[PDB]
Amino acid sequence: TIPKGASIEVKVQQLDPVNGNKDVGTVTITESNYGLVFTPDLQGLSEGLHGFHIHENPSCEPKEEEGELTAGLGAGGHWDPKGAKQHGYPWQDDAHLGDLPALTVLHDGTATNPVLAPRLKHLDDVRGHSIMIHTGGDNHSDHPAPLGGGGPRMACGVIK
């Protein structure tokens, strides 16, 4: 059911530039007294922890990258309006504002565990951007791998 209070229901697509994207559920965004809450209702995804971030552009389209059609590159990089210029924790002030807690996909491929982004206070702020779910996880650092080790873009949705 639509949650109580203002909310944004984002459609999420498993990305595959060649075989076509596949709708795998939604991520509903609400406003708690401690920041925005992202509640997933996804299915058919790879088990494990997955990097979860807000990206700059309101697009999930693929883009040619060095001769390879790469999924979700149209979304741009991690949303960093405050110019932290480094990937970090959801509770770290000098980290990309788009850095959310990692998403958990169970063994059965489903994801329903909500996560909080304490630095995001208003719904309107995330409108006009995209939400990304990566193949890899997120250690909330640019070391030993850039952007938390998220790597490829596995699923994506545009926040209207």
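Sequential numbering from 1, following the sequence displayed.
Next on the checklist: Using only C-alpha atoms and the B-factors in the entry, which stretch averages higher, 15-23 or 132-140?
Outcome noted: Higher of the two, by average CA B-factor, is 15-23.
Next on the checklist: Using only C-alpha atoms and the B-factors in the entry, which stretch averages higher, 117-125 or 97-105?
Outcome noted: Mean CA B-factor is higher for 117-125.
Checklist entry - Which of these has the highest Cα B-factor in the record: 36, 54, 49, 45? => result Result of the comparison over 36, 54, 49, 45: 45.
Checklist entry - If you rank the chain by CA B-factor, which third does residue 85 end up in: lowest, middle or highest? => result It falls in the top third of the chain.
Next on the checklist: Where does the C-alpha B-factor of residue 154 rank in its chain, lowest, middle or highest third?
Outcome noted: According to the entry, residue 154 has a C-alpha B-factor in the chain's middle third.
Checklist entry - Considering only modelled residues of the same chain, in which third does the CA B-factor of residue 28 rank: lowest, middle or highest? => result It belongs to the lowest third of the chain when residues are ordered by C-alpha B-factor.
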